[PDB]
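This document contains two forms of one protein chain, each encoded as structure tokens and listed individually as structure 1 and structure 2.
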Structure 1
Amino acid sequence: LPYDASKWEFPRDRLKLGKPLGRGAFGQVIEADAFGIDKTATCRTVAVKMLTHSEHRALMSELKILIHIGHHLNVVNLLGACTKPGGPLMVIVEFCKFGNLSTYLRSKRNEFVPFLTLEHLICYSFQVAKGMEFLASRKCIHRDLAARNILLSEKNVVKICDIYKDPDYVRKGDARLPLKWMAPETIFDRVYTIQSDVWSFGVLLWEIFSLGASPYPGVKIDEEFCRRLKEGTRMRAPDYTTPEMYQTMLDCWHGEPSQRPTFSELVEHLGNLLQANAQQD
């Protein structure tokens, strides 16, 4: 796709290198301080993804996809890039200072009461639905929608984002089993659609209302698990759910993709639950 450098290109000399945020198999991310990236005279912390032709192509692909998606409050947003010859290829996105939502909710289990409250949990759910409705409108499918892939920014705003680590330092929580988020049709027939994202969203809801527990507690994820899933077996309600939120999970887990709610429908419904939650008398 084309690249409008006027719109996106940011000077490398206006990025002050900061702390490493992670290296994966392909691409390392660092914090940086960017002067003037939003055209005002401010220094802003940002996250920078930086680097074979295959690797170059993949990072350039991410840049182009982000430009295509465009801007929404609840999707990690592209701020700029450094592509011109003479320095590394860099993709600059919004920094989310509080990390992923799964780990965060886990850390708050002794700081929750109906502190986190149902208002927070329903709000996070609503925001993710809003981000997914947006992505669906751009004809995108996420394919691994899970609380680990939702980052937490200031003022409780959550943002959707999209095997390598030294085993000496691996801790419980550092990995998850993506199979546990996959729709039956994605498991059995590698079918990914916006409606399989809705199934995943149901799992993400369960994560939120379990305050960051792993799905299908104690269940072995094998051919038997998969069989029971197709037949209709579902997770039980998590410990901090409301009845309405568990009903929504069940709806998202409809066995027929076309009978699951759409993200627009989930936005309307969750917005209603959220509004009802904070009403008077």
Structure 2
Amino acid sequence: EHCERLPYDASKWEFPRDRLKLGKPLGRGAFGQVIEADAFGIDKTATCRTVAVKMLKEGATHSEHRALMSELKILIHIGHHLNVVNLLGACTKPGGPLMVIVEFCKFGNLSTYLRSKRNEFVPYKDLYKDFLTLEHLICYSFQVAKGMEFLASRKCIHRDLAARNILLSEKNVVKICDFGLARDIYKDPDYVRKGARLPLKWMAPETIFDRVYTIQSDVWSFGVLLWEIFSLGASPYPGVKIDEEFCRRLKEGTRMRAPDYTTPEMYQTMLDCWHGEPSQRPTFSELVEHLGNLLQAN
């Protein structure tokens, strides 16, 4: 499951630490961090490139180092896709810290970004040049579904799909990622204490109750991600304490109301992703086809 059998090809991925100029932090948890860096010649010969470097911080143990190595292997296993954050290289040599180097995405995470554009949105479109529109939102949804369809094809599951784990790069390209240990999950209100600190508002009933993670529970989370996108970055389940009674109502069939910027069809898609039976939710392949059609109709 963590790719401990498949090897690391150093000649392909290894990047020298002394060609990496580390800069300002991009995100910090308790044990992990992401740092902005300039990398000389990491992918194009003798060309300086801005990159994002995931690494441990002081306080990390070897257990987190093992987790970071497994993350490097998972990214190598998954391979390249436009809508998955692109692995560029790694620093794995002894005598320095493990570093996982990925592409830098200009606009950061999608939640924060959308939350800043409420005053820069029109449903259908020079004064409006940098505005989001309904087309951008369906387009972002489409791209995340394509990315997840790809992940499913590599026999992977995300386990933490949410707008905070989507990056927005140039030209309206979104990329799925996992900040993981580079997010302070104690101080982040999206992760609630259960037994573990877990993203309960994004989790399917079977995951909350039976600790079952499959690609179909990722579909549930994708539905919540849609809600985040068509609320322009609102926090899910507004006005609700996330306690025992929330978990019961969810099981009983309670669901979020339509968000402010949704279409009727998009809301029905959120409801489809939140079907109580995992097998009756759409697949990511069906989500791709469906969102592609909605993009046409738009």
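Reference numbering: structure 1, starting with residue 1. Rigid core: the largest C-alpha set superposing within 1.5 Å between the two forms.
- Just one of the listed positions, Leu89, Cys96, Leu79, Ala136, moves its Cα by at least 2 Å between the two structures when the rigid core is held fixed, and it is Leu89.
- After superposing the rigid core, the Cα of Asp168 is displaced by 2 Å or more between the two structures.
- After superposing the rigid core, the Cα of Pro20 is displaced by 2 Å or more between the two structures.
- With a cut-off of 2 Å and the rigid core superposed, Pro11 has a Cα displacement that reaches or exceeds the cut-off between the two structures.
- Core superposition places the Cα of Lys39 3.1 Å apart between the two structures.
- When the core is overlaid, the C-alpha of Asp222 ends up 1.1 Å from its other position between the two structures.
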